[PDB]
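[1] So I pulled this structure from the PDB, and the sequence comes with it:
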Amino acid sequence: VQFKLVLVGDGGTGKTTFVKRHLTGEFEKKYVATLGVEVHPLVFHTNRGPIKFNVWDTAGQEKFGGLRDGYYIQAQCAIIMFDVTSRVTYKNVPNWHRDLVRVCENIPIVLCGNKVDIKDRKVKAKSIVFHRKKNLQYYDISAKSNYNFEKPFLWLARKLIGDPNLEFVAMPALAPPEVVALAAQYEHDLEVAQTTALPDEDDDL
Amino acid sequence: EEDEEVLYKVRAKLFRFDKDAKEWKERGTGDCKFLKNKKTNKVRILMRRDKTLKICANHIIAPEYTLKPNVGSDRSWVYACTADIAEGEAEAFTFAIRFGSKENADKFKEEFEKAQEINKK
Amino acid sequence: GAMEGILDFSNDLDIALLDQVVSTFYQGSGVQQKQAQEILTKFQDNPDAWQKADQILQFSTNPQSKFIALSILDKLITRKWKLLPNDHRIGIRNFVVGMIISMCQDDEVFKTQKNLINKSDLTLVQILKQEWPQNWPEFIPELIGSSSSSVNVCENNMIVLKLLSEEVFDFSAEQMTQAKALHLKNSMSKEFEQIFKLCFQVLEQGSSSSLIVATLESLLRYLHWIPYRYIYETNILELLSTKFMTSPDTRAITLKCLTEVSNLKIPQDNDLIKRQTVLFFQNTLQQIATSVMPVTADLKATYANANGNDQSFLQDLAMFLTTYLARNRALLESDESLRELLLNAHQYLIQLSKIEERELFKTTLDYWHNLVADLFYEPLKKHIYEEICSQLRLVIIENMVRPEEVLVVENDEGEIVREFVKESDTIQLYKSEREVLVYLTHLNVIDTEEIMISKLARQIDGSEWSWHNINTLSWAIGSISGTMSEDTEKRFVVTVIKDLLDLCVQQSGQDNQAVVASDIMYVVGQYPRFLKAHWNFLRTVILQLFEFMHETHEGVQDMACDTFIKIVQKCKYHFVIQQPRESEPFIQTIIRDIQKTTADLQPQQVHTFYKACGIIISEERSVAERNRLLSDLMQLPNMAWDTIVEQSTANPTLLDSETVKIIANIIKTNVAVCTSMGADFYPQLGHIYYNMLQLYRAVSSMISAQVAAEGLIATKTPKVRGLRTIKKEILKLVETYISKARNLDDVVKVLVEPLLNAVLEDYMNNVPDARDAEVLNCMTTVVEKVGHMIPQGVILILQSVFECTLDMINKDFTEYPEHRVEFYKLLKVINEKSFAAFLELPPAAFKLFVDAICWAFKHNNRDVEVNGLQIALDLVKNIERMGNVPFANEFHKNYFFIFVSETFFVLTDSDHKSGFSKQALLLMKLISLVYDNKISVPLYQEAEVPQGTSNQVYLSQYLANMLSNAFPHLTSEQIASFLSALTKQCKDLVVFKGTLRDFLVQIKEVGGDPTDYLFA
Ligand SMILES: *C1=CC(=O)O[C@@H](/C=C/C(=C\[C@H](C)C/C=C/C(C)=C/[C@@H](C)C(=O)[C@@H](C)[C@H](O)[C@@H](C)C/C(C)=C/C(=O)O)CC)[C@H]1C
Ligand SMILES: Nc1nc2c(ncn2[C@@H]2O[C@H](COP(=O)(O)OP(=O)(O)NP(=O)(O)O)[C@@H](O)[C@H]2O)c(=O)[nH]1
Ligand SMILES: [Cl-]
Ligand SMILES: [Cl-]
Ligand SMILES: [Cl-]
Ligand SMILES: [Cl-]
Ligand SMILES: [Mg+2]
């Protein structure tokens, strides 16, 4: 049960960060531009069984575009990303959509306005209307705060499985093992760890 | 988690130490639970991410483990875990776990230590 | 690896190998896929790669291979077409066309290879953009001809035309020059007559075909731009609105076309056209009712079920109804025979508005807003919609989203808890709902009241009791505040409160209580007008809130704090005065008991509390009385302070974390009170000021000591973060006060010298990681407010922070992000208010200033970039303003061309697109300076050029050369043409910008037409 998801949108909108968050739980602060595409599998557990996305996280920077629309071939769904602190990124949404739907004529698509955690919002809620005539689902999201982070995948899952009552469910938790040379190096490793500051110590959690 | 008694629950943020890089990396935010298996009397940590409910921590509270402070925080513990199966196959990690307050951190430590004693029996 | 073979062009392309590479990429996984991906990208990007296209198309057995082939061509065609020998262009045209034909004639291919056909079509369209009609005049007539010979070809022609129309009318602005755009729009227009004829025929001689769908798809595009006669003077409206509505495969597209029609440019005085606009709507609605669903249908249920394309259809229906009605509903409002239709359309909307789907709801809500706003003003219209509006009141009241003030929420386990985070994405939704409901209330206040009062009574008697129901209702009631007359409001509010208190008594347990509390607080907070006329009531409310401040329920507790300040913000005057039958103004009562009241609150909550009290105190306009109140309010923090100041001045050993927190909270409290009291805060500020600056110093010493003893890592520690919080809060306090200060003389005479003395050297002489950006922020406000009064001070500020800050932020764009932002804000205001400070800088420092500005341009971070551009513009103005003097002269000689080239660089690199406008402005200003002979010295040096040579002539020459070298693929004439246009246009920004935009198009291709820059 696996579906191809293409992820498109302007450079710096948070596409890769968003994905990584889902993959590993982490938040990547650094902007390292995607080169062409990165394919990542991504599984979710639902009341209707597991669902697998093969996430094709494409480059937003023209100069790192690679095959561009070639990535879209046989996509079964998609996420178009923009950055609510950057108006140009919203302006470019219909360009991304155009290129996308030309290859993928009848797929479910989520429009996502990222980085809403940022105080000085520039693309006003009210302005976000492109999705309506195009039948795209829309969500305000933040990869940083995790605001609505699950929503795009839940929606897409419901549309692809064809079950509106689909929910994420807790995976059963296998009893973990009772385990017990390295003792020496573990001392060293622990030291380095203890004395490396934890990030964002000014967050709530 | 049907066979398990919830000894302690607390909202937390879990990190893993990327050794290669030299940074802490978030592994998940959610309810960290101490669970006692009713049949075996073993106590584990089980932690799931908000919303996705994905397991980000699943390991026994080994007697051998020690909660250490982090230089940056008055509300976190760091410790070596030799067998976490959250991701699947048993794997070693250096974990950090941060709480909403010092009180909560201090409560976790106490609970952790008790659990360790239970596991010893 | 084996796969890399395709990269070696010195050997024939192994097509079989290519196909493997491609399969590996698309169908493969992990390392293999990844390698293949890189290999393919390398191949594609190879500038001769295109030469292999024909070979691939012919010999590949993998459609993705061919697709890729087509992407390569597309890149070549769009970028380098006119670089190609003529023969190569023809050849490419021919094999692209041939391929299309060949794929259309083979049915199996046509049916199963749509992706590849679609790509091919687009590739062709790219050729047309280059070649048509000037070098392909017969394309259309032959396209037309070919269409009758084959159903596949014909259908495919429709796709081609849809793409062409898109590329020409919808997506041309960013992608073509003004001239070329016009040319192709004109060309499409001149031949549309024939295009349409084909389109109409096909539509007539068919029912529900893929050909019909394709045709209809193309119609959707054409509708964006075709003249209205094509729509209104043919039978097309009848077809769309009857025939094509009945079959579902055509329905979706038809409805979208009809939506676009409902926006056509259309005369207003033409009765017959009105009739046609009425008729298609009437037809359309008739088809819905008979072929899809009746008006009574449960659209909520249908949507929720999500069969087939139901959600989409419902969405498109909403879009259709809302668009049409918004524009045309007046056509239906007067004629009695049209009444049913008008109302039925609305009834559909009502039904759609019950659907559970936020975004869809917003769409419908926007329509309702439009409607009610109109009904509120337009004479004799509201009565038409009375029943519609009545049903609408229900829908909205029952779908009220949680206001931002309501801080409690139900968790997954059915517990009423404090929210984890703000629901940021429902802020606008609430405003929209409130707006519509306000209007609805005004339209019929009796109805609205009866609805609410009886819904409420059904909560009390338990019949309808639930969290959701009391909530949505309470929120609704709160949201309509203002809509009634004071007198009407009075009775209404009395009834509501009585009932809510009733519920409070009947509904027990902690979760229930949390819910009812939240609801009451929201309601009371929303009716200040009421509170102001009912002192006893108000007083009792506040006291109750204080009780909540000892709630173990954190959500309720927190809400009490916010509600308190929310009320105080509106009602403060009633707390400051002595009320009838009171012994003292209430503020006195609050202050006396402030320790008790706030004991269980979190610090920040305590600060909010103090802030509120500040609002009240500032109502007291008598100075003696006010100062006395301020004094009393500050009694506890001032006593804590006084004792702390003792212990630290004896010995700088504060090393206590507990003490640090105490101090931090003292300052924070001062900040809180200063925020609300502003200028009135001055006496309290003076009580602590000198000791506070001493404490700043003491703490600074600790931080440095700590870094020295422990390393940079010290800065991460709780201890050090704590000490810095003190410094930051101190900075914040002074900033806050100065920003609101009314007596600027005291600022300058009393505050500024010790401030500067305390903070500047410390900032300068700390290691980078120990430097607070907040210092920069403070200094901005200082310069902003009293900069004109402290020339020497401004100089001091610069000396102390300019170079050391610059050096932090000039290695990359990312490190020290706050410093970066505050840094350019500081420079901005200095440049604005105290330009003289920059005149005093040594030449070396001034050069770094110029560097600093340009560096700012190159940021993508908008906060930095925007300021950069502004500073540059202000600087140019500052210089201009000086007139023909040596400094101005030197400035231009050293820097005019640096600014011109830097500005050009960011304009043209494709990485600063957000700055286009301000870049353009700056550039235009710079060019206008020469064009207007506002630069008194030659911009060139002697022997470089003949002696008489005007700055205009030189500027041209510089620019032509810069562009020639920077963009060597441009022709001389292109450069010359561009520069002539641009310089001539240096007084008209909108035109100037269009010329810039055209240039940005031309630099992306080869062979751009120089005459394009004559567009007018
Ligand atoms: C249930 C349990 C709980 O713990 O708290 C409750 C929250 C109550 C709140 C506010 C209420 C409305 C404060 C009560 C005020 C009150 C009883 C004022 C009287 C002096 C008063 O004026 C009474 C007699 C009249 O009848 C009032 C109710 C209407 C008026 C003003 C009539 C008139 O003037 O003509 C929380 C903020 C709850 C959660
Ligand atoms: N504040 C905030 N920053 C974010 C968020 N999501 C991503 N970022 C930041 O934005 C920057 C760009 O993120 P990245 O994931 O590389 O975006 P991208 O769309 O993948 N860029 P590209 O298309 O070039 O591969 C990173 O520095 C990242 O930390 C967010 O939700 N909030
Ligand atoms: Cl294909
Ligand atoms: Cl006509
Ligand atoms: Cl008032
Ligand atoms: Cl030439
Ligand atoms: Mg990326």
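    Perfect, I can see it now. Residues are numbered from 1 along each chain as shown, chains lettered A, B, ... in the order given. Ligands and ions are numbered 1, 2, ... in the order given.
[2] The closest residue to ligand 7 within the stretch 651-800 of chain C and residue C:801, how far apart?
    Here the stretch 651-800 of chain C gets closest to ligand 7 at one residue, residue C:773, 28.5 Å apart by CB to the ion. Placement of C-beta: from N, CA and C, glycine included. Distance, residue C:773 to residue C:801, by CB to CB, to the nearest Å: 10 Å.
[3] and what of residue C:109?
    Distance from residue C:109 to residue C:801, by CB to CB: 70 Å.
[4] Count the residues that sit near residue C:818.
    13 (other CB atoms under 10 Å in any protein chain shown).
[5] Quick check: which element contains it?
    helix C:817-833 (DSSP states H and E).
[6] ok, and what's touching that helix?
    The contact list for helix C:817-833 (CB atoms under 8 Å, 6 or more residues apart in numbering or on different chains) reads C:771, C:773-774, C:776-777, C:779-780, C:783-784, C:787-788, C:794, C:797-798, C:801-802, C:805-806, C:808-809, C:837-838, C:849, C:852-853, C:856, C:859, C:861, C:863-864, C:867-868, C:870-871, C:874-875, C:878.
[7] Which element, helix or strand, includes residue A:139?
    Residue A:139 belongs to strand A:137-140 when assigned by DSSP H and E.
[8] Outside of the very next helix or strand once past that strand itself, list whatever touches it.
    Following strand A:137-140 in sequence order, the next helix or strand is helix A:151-161 (DSSP H and E). Applying CB under 8 Å, 6+ apart, the contact partners of helix A:151-161 are A:1, A:3, A:5, A:22, A:42, A:44, A:46, A:48, A:51, A:53, A:76-77, A:79, A:108, A:110, A:112, A:137, A:139, A:141, A:164-168, C:306.
[9] same thing but 6 Å
    Applying CB atoms under 6 Å, 6 or more residues apart in numbering or on different chains, the external contacts of helix A:151-161 come out as A:3, A:48, A:51, A:77, A:79, A:108, A:110, A:112, A:137, A:139, A:164, A:166.
[10] next one: stretch C:767-779
    Contacts for stretch C:767-779 (CB under 6 Å, 6+ apart): C:703, C:707, C:712, C:715, C:727-728, C:731, C:735, C:759, C:763, C:797, C:808, C:818-819, C:822-823, C:826.
[11] List the buried residues in it.
    Buried residues in stretch C:767-779, counted by 16 or more other CB atoms under 10 Å in any protein chain shown: C:770, C:771, C:772, C:773, C:774, C:775, C:776, C:777, C:778, C:779.
[12] Spatially central residue in chain B, please.
    By CA atoms, centre = their mean, chain B has its centre lying nearest to residue B:45, at 5.0 Å.
[13] Partner strands of the host helix or strand of that residue, with direction?
    Assigned by DSSP H and E, residue B:45 belongs to strand B:43-49. Note on strand B:43-49: by DSSP bridges, its sheet partners are strand B:23-37 (antiparallel), strand B:55-60 (antiparallel).
[14] and residue C:882, what does it touch?
    Contacts of residue C:882 by CB under 6 Å, 6+ apart are residue C:888.
[15] What are the contacting residues of stretch C:964-971?
    C:975, C:1003, C:1006.
[16] 7 Å instead?
    C:963, C:975, C:1003, C:1006 (CB atoms under 7 Å, 6 or more residues apart in numbering or on different chains).
[17] Out of the residues you listed, which comes closest to ligand 3?
    Nearest to ligand 3 among the contacts of stretch C:964-971 is residue C:1006, at 28.7 Å by CB to the ion.
[18] circling back to that earlier point, now, of the contacts of stretch C:767-779, which are buried?
    C:703, C:707, C:715, C:727-728, C:731, C:735, C:759, C:763, C:797, C:808, C:819, C:822-823, C:826.
[19] re the thing from before, which is the next helix or strand following the helix holding residue C:818?
    Heading C-terminal from helix C:817-833 (DSSP H and E), you reach helix C:836-840.
[20] What is that following helix packed up against?
    Contact partners of helix C:836-840 among helices and strands, from 3 or more CB pairs under 7 Å, 6 or more residues apart in numbering or on different chains; DSSP states H and E: helix C:791-809.
[21] a strand runs through residue C:550, doesn't it?
    No - Residue C:550 is assigned coil when assessed by DSSP: H, G, I helix; E, B strand; the rest coil, not a strand.
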